[PDB]
$ cat target01.cif   # mmCIF, N, CA and C atoms and all ligand atoms
data_final
loop_
_atom_site.label_atom_id
_atom_site.label_comp_id
_atom_site.auth_asym_id
_atom_site.auth_seq_id
_atom_site.Cartn_x
_atom_site.Cartn_y
_atom_site.Cartn_z
N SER K 1 0.82 -1.21 0.00
CA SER K 1 0.00 0.00 0.00
C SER K 1 0.86 1.27 0.00
N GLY K 2 0.25 2.41 -0.35
CA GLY K 2 0.93 3.70 -0.38
C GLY K 2 0.43 4.66 -1.45
N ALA K 3 0.44 5.96 -1.14
CA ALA K 3 -0.05 6.97 -2.09
C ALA K 3 0.84 8.23 -2.11
N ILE K 4 0.69 9.09 -3.16
CA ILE K 4 1.36 10.39 -3.25
C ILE K 4 0.26 11.45 -3.08
N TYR K 5 0.46 12.41 -2.19
CA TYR K 5 -0.50 13.46 -1.94
C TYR K 5 0.07 14.79 -2.40
N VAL K 6 -0.41 15.32 -3.53
CA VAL K 6 0.08 16.59 -4.06
C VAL K 6 -1.08 17.51 -4.40
N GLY K 7 -1.15 18.68 -3.76
CA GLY K 7 -2.26 19.60 -3.96
C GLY K 7 -3.60 18.94 -3.65
N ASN K 8 -4.57 19.01 -4.57
CA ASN K 8 -5.84 18.34 -4.34
C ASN K 8 -5.94 16.95 -5.01
N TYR K 9 -4.78 16.30 -5.19
CA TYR K 9 -4.72 14.98 -5.80
C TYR K 9 -4.10 13.93 -4.88
N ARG K 10 -4.56 12.69 -5.05
CA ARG K 10 -4.04 11.50 -4.39
C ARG K 10 -3.65 10.57 -5.56
N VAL K 11 -2.40 10.09 -5.60
CA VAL K 11 -1.94 9.21 -6.69
C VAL K 11 -1.73 7.83 -6.12
N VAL K 12 -2.36 6.81 -6.69
CA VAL K 12 -2.21 5.45 -6.18
C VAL K 12 -2.00 4.46 -7.33
N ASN K 13 -1.57 3.20 -7.01
CA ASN K 13 -1.58 2.13 -8.02
C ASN K 13 -3.06 1.92 -8.44
N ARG K 14 -3.33 1.82 -9.74
CA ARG K 14 -4.69 1.62 -10.23
C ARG K 14 -5.26 0.29 -9.69
N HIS K 15 -4.43 -0.78 -9.61
CA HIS K 15 -4.91 -2.07 -9.07
C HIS K 15 -5.25 -2.04 -7.58
N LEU K 16 -4.87 -0.99 -6.87
CA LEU K 16 -5.18 -0.86 -5.45
C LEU K 16 -6.20 0.27 -5.14
N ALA K 17 -6.72 0.98 -6.16
CA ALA K 17 -7.66 2.06 -5.93
C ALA K 17 -8.92 1.56 -5.20
N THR K 18 -9.47 2.40 -4.33
CA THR K 18 -10.66 2.10 -3.52
C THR K 18 -11.96 2.58 -4.24
N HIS K 19 -13.15 2.38 -3.61
CA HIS K 19 -14.39 2.89 -4.19
C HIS K 19 -14.38 4.41 -4.22
N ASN K 20 -13.87 5.03 -3.14
CA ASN K 20 -13.76 6.47 -3.04
C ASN K 20 -12.88 7.04 -4.15
N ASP K 21 -11.74 6.38 -4.46
CA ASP K 21 -10.84 6.82 -5.53
C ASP K 21 -11.60 6.85 -6.87
N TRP K 22 -12.39 5.81 -7.17
CA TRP K 22 -13.16 5.76 -8.41
C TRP K 22 -14.35 6.73 -8.45
N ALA K 23 -14.97 7.02 -7.30
CA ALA K 23 -16.09 7.96 -7.22
C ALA K 23 -15.62 9.44 -7.30
N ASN K 24 -14.32 9.67 -7.07
CA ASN K 24 -13.64 10.96 -7.14
C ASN K 24 -12.50 10.91 -8.17
N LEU K 25 -12.68 10.12 -9.24
CA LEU K 25 -11.71 9.92 -10.32
C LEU K 25 -11.39 11.21 -11.05
N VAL K 26 -10.09 11.49 -11.24
CA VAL K 26 -9.56 12.60 -12.04
C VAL K 26 -9.00 11.98 -13.37
N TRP K 27 -8.15 10.95 -13.25
CA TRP K 27 -7.51 10.33 -14.39
C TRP K 27 -7.05 8.91 -14.03
N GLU K 28 -7.09 7.99 -14.98
CA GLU K 28 -6.60 6.65 -14.77
C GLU K 28 -5.98 6.09 -16.08
N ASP K 29 -4.98 5.22 -15.93
CA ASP K 29 -4.33 4.62 -17.09
C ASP K 29 -3.89 3.20 -16.75
N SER K 30 -4.64 2.19 -17.25
CA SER K 30 -4.32 0.78 -17.01
C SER K 30 -2.92 0.43 -17.47
N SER K 31 -2.50 0.99 -18.62
CA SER K 31 -1.18 0.67 -19.17
C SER K 31 -0.03 1.13 -18.26
N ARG K 32 -0.27 2.12 -17.38
CA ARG K 32 0.74 2.63 -16.44
C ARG K 32 0.50 2.15 -14.99
N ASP K 33 -0.63 1.47 -14.72
CA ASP K 33 -1.06 1.04 -13.38
C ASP K 33 -1.20 2.28 -12.48
N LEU K 34 -1.70 3.43 -13.01
CA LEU K 34 -1.89 4.64 -12.17
C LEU K 34 -3.35 5.09 -12.13
N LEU K 35 -3.75 5.66 -11.00
CA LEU K 35 -5.06 6.26 -10.84
C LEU K 35 -4.85 7.49 -9.95
N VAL K 36 -5.47 8.60 -10.33
CA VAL K 36 -5.42 9.84 -9.57
C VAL K 36 -6.86 10.19 -9.21
N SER K 37 -7.08 10.46 -7.92
CA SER K 37 -8.39 10.86 -7.40
C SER K 37 -8.27 12.21 -6.66
N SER K 38 -9.39 12.93 -6.55
CA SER K 38 -9.44 14.23 -5.91
C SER K 38 -9.56 14.15 -4.38
N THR K 39 -9.05 15.16 -3.67
CA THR K 39 -9.12 15.20 -2.20
C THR K 39 -9.57 16.58 -1.72
N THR K 40 -10.13 16.65 -0.51
CA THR K 40 -10.59 17.91 0.09
C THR K 40 -9.46 18.63 0.87
N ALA K 41 -8.47 17.87 1.34
CA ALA K 41 -7.34 18.45 2.05
C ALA K 41 -6.19 18.67 1.06
N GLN K 42 -5.31 19.63 1.35
CA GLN K 42 -4.17 19.95 0.48
C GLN K 42 -2.97 19.07 0.81
N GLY K 43 -2.35 18.50 -0.22
CA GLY K 43 -1.17 17.65 -0.12
C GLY K 43 0.13 18.41 -0.32
N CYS K 44 1.17 18.02 0.40
CA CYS K 44 2.44 18.75 0.36
C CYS K 44 3.63 17.98 -0.24
N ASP K 45 3.39 16.83 -0.92
CA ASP K 45 4.49 16.11 -1.56
C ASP K 45 4.96 16.90 -2.76
N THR K 46 6.25 16.97 -2.95
CA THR K 46 6.84 17.67 -4.08
C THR K 46 7.13 16.65 -5.14
N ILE K 47 6.67 16.86 -6.38
CA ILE K 47 6.97 15.92 -7.47
C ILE K 47 8.28 16.38 -8.11
N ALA K 48 9.21 15.47 -8.35
CA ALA K 48 10.46 15.81 -9.02
C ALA K 48 10.17 16.06 -10.51
N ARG K 49 10.93 16.97 -11.13
CA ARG K 49 10.85 17.30 -12.54
C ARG K 49 12.31 17.19 -13.02
N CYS K 50 12.72 15.97 -13.42
CA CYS K 50 14.14 15.70 -13.71
C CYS K 50 14.33 14.40 -14.53
N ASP K 51 15.61 14.04 -14.85
CA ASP K 51 15.96 12.76 -15.48
C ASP K 51 16.91 11.92 -14.61
N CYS K 52 16.80 12.05 -13.28
CA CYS K 52 17.59 11.31 -12.29
C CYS K 52 17.45 9.80 -12.51
N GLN K 53 18.53 9.07 -12.34
CA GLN K 53 18.48 7.61 -12.40
C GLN K 53 18.98 6.94 -11.12
N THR K 54 19.05 7.70 -10.01
CA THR K 54 19.42 7.19 -8.68
C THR K 54 18.39 7.81 -7.74
N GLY K 55 18.07 7.09 -6.70
CA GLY K 55 17.08 7.50 -5.72
C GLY K 55 17.01 6.54 -4.56
N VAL K 56 15.96 6.72 -3.70
CA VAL K 56 15.71 5.91 -2.52
C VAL K 56 14.22 5.53 -2.48
N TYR K 57 13.92 4.24 -2.29
CA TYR K 57 12.54 3.78 -2.19
C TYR K 57 12.22 3.15 -0.84
N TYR K 58 10.95 3.24 -0.41
CA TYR K 58 10.54 2.61 0.82
C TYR K 58 10.04 1.17 0.54
N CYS K 59 10.62 0.19 1.25
CA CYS K 59 10.23 -1.21 1.07
C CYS K 59 9.49 -1.68 2.31
N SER K 60 8.15 -1.67 2.27
CA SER K 60 7.36 -2.08 3.43
C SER K 60 7.64 -3.50 3.92
N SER K 61 7.89 -4.48 3.03
CA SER K 61 8.19 -5.86 3.44
C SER K 61 9.48 -6.01 4.26
N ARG K 62 10.30 -4.94 4.33
CA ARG K 62 11.54 -4.94 5.12
C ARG K 62 11.59 -3.80 6.16
N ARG K 63 10.56 -2.91 6.16
CA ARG K 63 10.47 -1.70 6.98
C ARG K 63 11.76 -0.87 6.85
N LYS K 64 12.27 -0.77 5.60
CA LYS K 64 13.55 -0.09 5.33
C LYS K 64 13.50 0.69 4.02
N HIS K 65 14.34 1.74 3.90
CA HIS K 65 14.53 2.51 2.67
C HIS K 65 15.80 1.96 2.00
N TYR K 66 15.79 1.83 0.68
CA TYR K 66 16.97 1.32 -0.03
C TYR K 66 17.37 2.25 -1.15
N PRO K 67 18.67 2.55 -1.26
CA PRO K 67 19.13 3.36 -2.41
C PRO K 67 19.23 2.47 -3.66
N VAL K 68 18.83 2.99 -4.81
CA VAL K 68 18.83 2.25 -6.07
C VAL K 68 19.24 3.11 -7.26
N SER K 69 19.79 2.46 -8.29
CA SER K 69 20.01 3.01 -9.61
C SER K 69 18.80 2.43 -10.39
N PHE K 70 18.13 3.23 -11.23
CA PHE K 70 16.96 2.74 -11.94
C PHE K 70 16.98 3.14 -13.40
N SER K 71 16.25 2.39 -14.24
CA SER K 71 16.26 2.66 -15.66
C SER K 71 15.35 3.85 -16.04
N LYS K 72 15.47 4.33 -17.27
CA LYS K 72 14.63 5.40 -17.79
C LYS K 72 13.21 4.85 -18.05
N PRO K 73 12.13 5.63 -17.82
CA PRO K 73 10.77 5.11 -18.09
C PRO K 73 10.61 4.49 -19.47
N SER K 74 10.06 3.28 -19.52
CA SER K 74 9.88 2.59 -20.79
C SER K 74 8.81 1.48 -20.70
N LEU K 75 8.50 0.84 -21.85
CA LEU K 75 7.53 -0.24 -21.95
C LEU K 75 8.22 -1.51 -21.50
N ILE K 76 7.74 -2.14 -20.44
CA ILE K 76 8.34 -3.37 -19.94
C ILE K 76 7.27 -4.46 -19.79
N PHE K 77 7.59 -5.71 -20.21
CA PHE K 77 6.66 -6.82 -20.08
C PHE K 77 6.42 -7.20 -18.63
N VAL K 78 5.15 -7.31 -18.26
CA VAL K 78 4.74 -7.64 -16.92
C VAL K 78 3.82 -8.85 -17.03
N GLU K 79 4.18 -9.88 -16.29
CA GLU K 79 3.42 -11.13 -16.28
C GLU K 79 1.99 -10.96 -15.75
N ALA K 80 1.08 -11.83 -16.19
CA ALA K 80 -0.32 -11.83 -15.78
C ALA K 80 -0.47 -11.88 -14.26
N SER K 81 -1.51 -11.27 -13.74
CA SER K 81 -1.85 -11.22 -12.32
C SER K 81 -3.38 -11.23 -12.20
N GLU K 82 -3.94 -11.21 -10.98
CA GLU K 82 -5.40 -11.16 -10.82
C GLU K 82 -6.03 -9.82 -11.24
N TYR K 83 -5.20 -8.81 -11.52
CA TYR K 83 -5.64 -7.47 -11.89
C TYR K 83 -5.48 -7.21 -13.38
N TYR K 84 -4.47 -7.80 -14.02
CA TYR K 84 -4.22 -7.55 -15.44
C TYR K 84 -3.79 -8.80 -16.16
N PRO K 85 -4.12 -8.92 -17.46
CA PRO K 85 -3.51 -10.00 -18.25
C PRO K 85 -2.03 -9.65 -18.53
N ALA K 86 -1.26 -10.60 -19.08
CA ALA K 86 0.14 -10.36 -19.44
C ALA K 86 0.20 -9.21 -20.48
N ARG K 87 1.02 -8.18 -20.21
CA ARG K 87 1.04 -7.00 -21.07
C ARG K 87 2.32 -6.17 -20.92
N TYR K 88 2.51 -5.16 -21.78
CA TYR K 88 3.60 -4.21 -21.61
C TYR K 88 3.04 -3.06 -20.77
N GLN K 89 3.72 -2.70 -19.68
CA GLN K 89 3.35 -1.58 -18.85
C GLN K 89 4.26 -0.42 -19.29
N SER K 90 3.69 0.73 -19.57
CA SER K 90 4.48 1.89 -19.99
C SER K 90 4.89 2.76 -18.78
N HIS K 91 5.90 3.62 -19.01
CA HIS K 91 6.42 4.57 -18.04
C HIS K 91 6.98 3.83 -16.80
N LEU K 92 7.51 2.61 -17.00
CA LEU K 92 7.99 1.76 -15.91
C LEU K 92 9.51 1.80 -15.82
N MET K 93 10.04 1.90 -14.60
CA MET K 93 11.50 1.98 -14.35
C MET K 93 11.92 0.84 -13.43
N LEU K 94 12.95 0.08 -13.80
CA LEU K 94 13.41 -1.02 -12.96
C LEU K 94 14.70 -0.72 -12.24
N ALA K 95 14.87 -1.38 -11.08
CA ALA K 95 16.07 -1.38 -10.27
C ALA K 95 16.27 -2.78 -9.68
N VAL K 96 17.50 -3.08 -9.24
CA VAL K 96 17.85 -4.30 -8.54
C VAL K 96 17.55 -3.95 -7.08
N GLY K 97 16.67 -4.72 -6.48
CA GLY K 97 16.22 -4.46 -5.12
C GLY K 97 15.08 -5.37 -4.72
N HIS K 98 14.91 -5.55 -3.43
CA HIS K 98 13.86 -6.38 -2.90
C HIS K 98 12.48 -5.71 -3.01
N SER K 99 11.46 -6.52 -3.29
CA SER K 99 10.07 -6.12 -3.33
C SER K 99 9.18 -7.38 -3.29
N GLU K 100 7.98 -7.23 -2.71
CA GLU K 100 6.92 -8.23 -2.59
C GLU K 100 5.59 -7.54 -2.99
N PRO K 101 4.51 -8.28 -3.35
CA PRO K 101 3.30 -7.60 -3.87
C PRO K 101 2.73 -6.46 -3.03
N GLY K 102 2.73 -6.63 -1.71
CA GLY K 102 2.26 -5.62 -0.78
C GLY K 102 3.12 -4.37 -0.70
N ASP K 103 4.29 -4.39 -1.38
CA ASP K 103 5.19 -3.26 -1.47
C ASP K 103 4.73 -2.19 -2.44
N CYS K 104 3.79 -2.51 -3.36
CA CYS K 104 3.23 -1.51 -4.29
C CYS K 104 2.72 -0.28 -3.53
N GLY K 105 3.03 0.92 -4.01
CA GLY K 105 2.63 2.15 -3.32
C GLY K 105 3.79 2.85 -2.62
N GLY K 106 4.84 2.10 -2.27
CA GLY K 106 6.03 2.67 -1.64
C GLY K 106 6.65 3.70 -2.55
N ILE K 107 7.04 4.83 -2.00
CA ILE K 107 7.54 5.95 -2.77
C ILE K 107 9.01 5.79 -3.13
N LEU K 108 9.36 6.21 -4.38
CA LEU K 108 10.73 6.36 -4.87
C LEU K 108 11.02 7.89 -4.93
N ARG K 109 12.11 8.34 -4.31
CA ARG K 109 12.47 9.76 -4.24
C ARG K 109 13.91 10.00 -4.64
N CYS K 110 14.19 11.14 -5.27
CA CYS K 110 15.54 11.61 -5.57
C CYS K 110 15.73 12.93 -4.79
N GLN K 111 16.90 13.60 -4.90
CA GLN K 111 17.08 14.91 -4.26
C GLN K 111 16.00 15.94 -4.69
N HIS K 112 15.36 15.77 -5.87
CA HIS K 112 14.36 16.73 -6.35
C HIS K 112 12.93 16.49 -5.86
N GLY K 113 12.68 15.35 -5.21
CA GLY K 113 11.34 15.04 -4.74
C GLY K 113 10.86 13.65 -5.13
N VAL K 114 9.53 13.49 -5.18
CA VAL K 114 8.88 12.23 -5.51
C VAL K 114 9.04 11.90 -6.99
N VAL K 115 9.61 10.71 -7.28
CA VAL K 115 9.83 10.20 -8.63
C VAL K 115 8.67 9.30 -9.11
N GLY K 116 8.26 8.39 -8.25
CA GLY K 116 7.17 7.47 -8.56
C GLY K 116 6.86 6.54 -7.42
N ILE K 117 6.15 5.46 -7.72
CA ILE K 117 5.75 4.48 -6.71
C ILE K 117 6.00 3.05 -7.16
N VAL K 118 6.28 2.14 -6.20
CA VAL K 118 6.44 0.70 -6.53
C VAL K 118 5.17 0.18 -7.24
N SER K 119 5.33 -0.57 -8.36
CA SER K 119 4.19 -1.05 -9.12
C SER K 119 4.38 -2.50 -9.57
N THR K 120 5.65 -2.94 -9.80
CA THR K 120 5.98 -4.33 -10.21
C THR K 120 7.25 -4.83 -9.43
N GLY K 121 7.57 -6.11 -9.56
CA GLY K 121 8.75 -6.69 -8.96
C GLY K 121 8.80 -8.20 -9.14
N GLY K 122 9.91 -8.79 -8.73
CA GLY K 122 10.11 -10.23 -8.82
C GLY K 122 11.52 -10.59 -9.24
N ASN K 123 12.09 -11.64 -8.66
CA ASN K 123 13.44 -12.12 -8.98
C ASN K 123 14.59 -11.13 -8.64
N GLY K 124 14.45 -10.40 -7.55
CA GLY K 124 15.47 -9.44 -7.14
C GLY K 124 15.36 -8.12 -7.88
N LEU K 125 14.30 -7.91 -8.66
CA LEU K 125 14.06 -6.66 -9.37
C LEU K 125 12.85 -5.95 -8.76
N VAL K 126 12.81 -4.60 -8.83
CA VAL K 126 11.67 -3.82 -8.42
C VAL K 126 11.36 -2.79 -9.52
N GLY K 127 10.08 -2.63 -9.86
CA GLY K 127 9.64 -1.69 -10.87
C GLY K 127 8.81 -0.57 -10.27
N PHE K 128 9.06 0.67 -10.73
CA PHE K 128 8.41 1.89 -10.25
C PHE K 128 7.64 2.57 -11.41
N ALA K 129 6.38 2.94 -11.14
CA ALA K 129 5.58 3.68 -12.07
C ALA K 129 6.02 5.14 -11.95
N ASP K 130 6.56 5.71 -13.03
CA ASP K 130 7.01 7.10 -13.05
C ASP K 130 5.84 8.10 -13.01
N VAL K 131 6.01 9.25 -12.32
CA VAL K 131 5.00 10.33 -12.26
C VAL K 131 5.60 11.72 -12.63
N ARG K 132 6.90 11.80 -12.96
CA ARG K 132 7.57 13.07 -13.28
C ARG K 132 7.06 13.76 -14.55
N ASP K 133 6.46 13.00 -15.46
CA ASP K 133 5.92 13.58 -16.69
C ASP K 133 4.52 14.18 -16.51
N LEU K 134 3.84 13.88 -15.39
CA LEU K 134 2.47 14.36 -15.17
C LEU K 134 2.54 15.76 -14.63
N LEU K 135 2.85 16.71 -15.52
CA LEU K 135 3.05 18.11 -15.17
C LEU K 135 1.83 18.79 -14.53
N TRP K 136 0.61 18.33 -14.89
CA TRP K 136 -0.66 18.85 -14.37
C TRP K 136 -0.89 18.59 -12.88
N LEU K 137 -0.12 17.68 -12.28
CA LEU K 137 -0.25 17.41 -10.85
C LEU K 137 0.03 18.66 -10.00
N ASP K 138 0.78 19.64 -10.54
CA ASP K 138 1.16 20.90 -9.89
C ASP K 138 0.27 22.08 -10.18
N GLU K 139 -0.74 21.96 -11.05
CA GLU K 139 -1.58 23.12 -11.39
C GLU K 139 -3.08 22.82 -11.46
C1 LIG Y 1 5.89 -5.22 -6.23
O1 LIG Y 1 5.13 -6.35 -6.67
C2 LIG Y 1 5.74 -7.58 -6.69
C3 LIG Y 1 6.99 -7.85 -6.16
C4 LIG Y 1 7.42 -9.16 -6.15
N1 LIG Y 1 6.70 -10.18 -6.62
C5 LIG Y 1 5.50 -9.88 -7.13
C6 LIG Y 1 4.96 -8.61 -7.21
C7 LIG Y 1 3.58 -8.35 -7.76
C8 LIG Y 1 3.58 -7.69 -9.13
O2 LIG Y 1 4.62 -7.47 -9.74
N2 LIG Y 1 2.37 -7.39 -9.66
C9 LIG Y 1 1.08 -7.77 -9.05
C10 LIG Y 1 0.14 -6.58 -8.97
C11 LIG Y 1 0.04 -5.86 -10.32
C12 LIG Y 1 1.42 -5.46 -10.86
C13 LIG Y 1 1.30 -4.68 -12.16
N3 LIG Y 1 1.73 -3.42 -12.13
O3 LIG Y 1 0.85 -5.20 -13.18
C14 LIG Y 1 2.27 -6.73 -10.96
ZN ZN Y 2 15.73 14.11 -9.48
#
$ encode --input "target01.cif" --output "structure tokens" --more "lines below"
Ligand SMILES: COc1ccncc1CC(=O)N1CCC[C@H](C(N)=O)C1
Ligand SMILES: [Zn+2]
Amino acid sequence: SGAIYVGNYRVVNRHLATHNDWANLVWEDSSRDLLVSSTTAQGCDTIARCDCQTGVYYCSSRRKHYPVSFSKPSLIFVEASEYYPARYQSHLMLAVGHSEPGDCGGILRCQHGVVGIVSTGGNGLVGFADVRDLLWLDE
């Protein structure tokens, strides 16, 4: 679990969105595993606007933060699950690092702010859904 709170938006994994998230839907994209819903309180997370390839992510299955080098956002094959058939997920960045399914939502951050959230993993790899291109999150 885990979300990004910026301004009047809440950003979560689309496969983990609640009824409230869908009833207050702003934008969703199955191909990116992202859903953004509206909120009444103001969020103070800063979204990074950069091309950083190093950062730190929170791993709930270990109650620890880990530093990682990660790839540039791209289309990566993701195996079938109870939420999606086997497909290419776009805007996905991989790193070598521990992750388990319940780790989705954990934030990835660089010196500039929030980069994205855990969305995929397996075999010593962890994948993060990028949010740095969603410029509208700030206005
Ligand atoms: C962080 O998740 C994992 C880590 C290790 N083994 C497994 C996982 C789980 C995983 O990869 N998923 C399941 C839920 C939907 C995901 C998606 N974006 O399509 C894919
Ligand atoms: Zn950065």
$ atom_distance --input "target01.cif" --atom1 "atom C of residue 38 (chain K)" --atom2 "atom N of residue 136 (chain K)"
15.2 Å
$ residues_near_ligand --input "target01.cif" --ligand "ligand ZN 2 (chain Y)" --cutoff "6 Å" --atoms "only C-alpha atoms and all ligand atoms" --output "PyMOL selection string"
chain K and resi 48+50+52+110-112
$ residues_around --input "target01.cif" --residues "residue 46 (chain K)" --least-positions-apart "5" --cutoff "7 Å" --atoms "only C-alpha atoms" --output "number ranges by chain"
K: 6, 113-114
$ residues_near_ligand --input "target01.cif" --ligand "ligand LIG 1 (chain Y)" --cutoff "6.5 Å" --atoms "all atoms listed in the file" --output "ChimeraX atom specification"
/K:15,32-33,78-79,81-84,99-104,118-123,126-127
$ atom_distance --input "target01.cif" --atom1 "atom C of residue 131 (chain K)" --atom2 "atom N of residue 49 (chain K)"
7.6 Å
$ select_by_dssp --input "target01.cif" --residues "chain K" --states "strand (DSSP E or B)" --output "number ranges by chain"
K: 4-13, 25-29, 34-44, 47, 54-59, 64-69, 74-78, 87-96, 107-110, 113-122, 125-130
$ select_by_dssp --input "target01.cif" --residues "chain K" --states "alpha helix (DSSP H)" --output "PyMOL selection string"
chain K and resi 19-23
$ atom_distance --input "target01.cif" --atom1 "CA of residue 71 (chain K)" --atom2 "atom N of residue 51 (chain K)"
11.4 Å
$ closest_residue --input "target01.cif" --among "K:95, K:67, K:42, K:47" --to "residue 116 (chain K)" --atoms "all atoms listed in the file"
K:47
$ closest_residue --input "target01.cif" --among "K:36, K:93, K:98, K:8" --to "residue 62 (chain K)" --atoms "all atoms listed in the file"
K:98
$ residues_around --input "target01.cif" --residues "residue 31 (chain K)" --least-positions-apart "4" --cutoff "6 Å" --atoms "all atoms listed in the file" --output "number ranges by chain"
K: 88-90
$ write_last_selection --input "target01.cif" --atoms "N, CA and C atoms" --output "short mmCIF file (atom, residue, chain, number, x, y, z; two decimals), in the frame of the given file"
data_model
loop_
_atom_site.label_atom_id
_atom_site.label_comp_id
_atom_site.auth_asym_id
_atom_site.auth_seq_id
_atom_site.Cartn_x
_atom_site.Cartn_y
_atom_site.Cartn_z
N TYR K 88 2.51 -5.16 -21.78
CA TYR K 88 3.60 -4.21 -21.61
C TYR K 88 3.04 -3.06 -20.77
N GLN K 89 3.72 -2.70 -19.68
CA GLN K 89 3.35 -1.58 -18.85
C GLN K 89 4.26 -0.42 -19.29
N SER K 90 3.69 0.73 -19.57
CA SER K 90 4.48 1.89 -19.99
C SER K 90 4.89 2.76 -18.78
#
$ axis_aligned_box --input "target01.cif" --around "region 92-100 of chain K" --padding-each-side "4 Å" --output "lines of an AutoDock Vina configuration file"
center_x = 11.7
center_y = -2.8
center_z = -9.8
size_x = 20.3
size_y = 18.8
size_z = 22.4
$ residues_near_point --input "target01.cif" --point "(0.4, 6.8, -2.8)" --cutoff "7 Å" --atoms "all atoms listed in the file" --output "PyMOL selection string"
chain K and resi 1-5+10-13+105-107
$ closest_residue --input "target01.cif" --among "K:124, K:55, K:43, K:73" --to "residue 108 (chain K)" --atoms "only C-alpha atoms"
K:55
$ build_atoms --input "target01.cif" --residues "region 54-66 of chain K" --atoms "N, CA, C and O atoms" --output "PDB file, in the frame of the given file"
ATOM      1  N   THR K  54      19.050   7.700 -10.010  1.00  0.00           N
ATOM      2  CA  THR K  54      19.420   7.190  -8.680  1.00  0.00           C
ATOM      3  C   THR K  54      18.390   7.810  -7.740  1.00  0.00           C
ATOM      4  O   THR K  54      17.933   8.951  -7.941  1.00  0.00           O
ATOM      5  N   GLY K  55      18.070   7.090  -6.700  1.00  0.00           N
ATOM      6  CA  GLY K  55      17.080   7.500  -5.720  1.00  0.00           C
ATOM      7  C   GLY K  55      17.010   6.540  -4.560  1.00  0.00           C
ATOM      8  O   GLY K  55      17.855   5.661  -4.426  1.00  0.00           O
ATOM      9  N   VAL K  56      15.960   6.720  -3.700  1.00  0.00           N
ATOM     10  CA  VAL K  56      15.710   5.910  -2.520  1.00  0.00           C
ATOM     11  C   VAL K  56      14.220   5.530  -2.480  1.00  0.00           C
ATOM     12  O   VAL K  56      13.355   6.401  -2.595  1.00  0.00           O
ATOM     13  N   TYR K  57      13.920   4.240  -2.290  1.00  0.00           N
ATOM     14  CA  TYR K  57      12.540   3.780  -2.190  1.00  0.00           C
ATOM     15  C   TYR K  57      12.220   3.150  -0.840  1.00  0.00           C
ATOM     16  O   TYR K  57      13.104   2.570  -0.213  1.00  0.00           O
ATOM     17  N   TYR K  58      10.950   3.240  -0.410  1.00  0.00           N
ATOM     18  CA  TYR K  58      10.540   2.610   0.820  1.00  0.00           C
ATOM     19  C   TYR K  58      10.040   1.170   0.540  1.00  0.00           C
ATOM     20  O   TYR K  58       9.180   0.951  -0.328  1.00  0.00           O
ATOM     21  N   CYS K  59      10.620   0.190   1.250  1.00  0.00           N
ATOM     22  CA  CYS K  59      10.230  -1.210   1.070  1.00  0.00           C
ATOM     23  C   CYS K  59       9.490  -1.680   2.310  1.00  0.00           C
ATOM     24  O   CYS K  59      10.126  -2.036   3.302  1.00  0.00           O
ATOM     25  N   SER K  60       8.150  -1.670   2.270  1.00  0.00           N
ATOM     26  CA  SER K  60       7.360  -2.080   3.430  1.00  0.00           C
ATOM     27  C   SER K  60       7.640  -3.500   3.920  1.00  0.00           C
ATOM     28  O   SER K  60       7.698  -3.697   5.128  1.00  0.00           O
ATOM     29  N   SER K  61       7.890  -4.480   3.030  1.00  0.00           N
ATOM     30  CA  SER K  61       8.190  -5.860   3.440  1.00  0.00           C
ATOM     31  C   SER K  61       9.480  -6.010   4.260  1.00  0.00           C
ATOM     32  O   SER K  61       9.705  -7.065   4.860  1.00  0.00           O
ATOM     33  N   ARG K  62      10.300  -4.940   4.330  1.00  0.00           N
ATOM     34  CA  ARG K  62      11.540  -4.940   5.120  1.00  0.00           C
ATOM     35  C   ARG K  62      11.590  -3.800   6.160  1.00  0.00           C
ATOM     36  O   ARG K  62      12.579  -3.692   6.913  1.00  0.00           O
ATOM     37  N   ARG K  63      10.560  -2.910   6.160  1.00  0.00           N
ATOM     38  CA  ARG K  63      10.470  -1.700   6.980  1.00  0.00           C
ATOM     39  C   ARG K  63      11.760  -0.870   6.850  1.00  0.00           C
ATOM     40  O   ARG K  63      12.321  -0.401   7.839  1.00  0.00           O
ATOM     41  N   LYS K  64      12.270  -0.770   5.600  1.00  0.00           N
ATOM     42  CA  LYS K  64      13.550  -0.090   5.330  1.00  0.00           C
ATOM     43  C   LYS K  64      13.500   0.690   4.020  1.00  0.00           C
ATOM     44  O   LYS K  64      12.773   0.296   3.107  1.00  0.00           O
ATOM     45  N   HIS K  65      14.340   1.740   3.900  1.00  0.00           N
ATOM     46  CA  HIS K  65      14.530   2.510   2.670  1.00  0.00           C
ATOM     47  C   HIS K  65      15.800   1.960   2.000  1.00  0.00           C
ATOM     48  O   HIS K  65      16.787   1.644   2.698  1.00  0.00           O
ATOM     49  N   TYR K  66      15.790   1.830   0.680  1.00  0.00           N
ATOM     50  CA  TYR K  66      16.970   1.320  -0.030  1.00  0.00           C
ATOM     51  C   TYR K  66      17.370   2.250  -1.150  1.00  0.00           C
ATOM     52  O   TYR K  66      16.523   2.718  -1.921  1.00  0.00           O
TER      53      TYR K  66
END
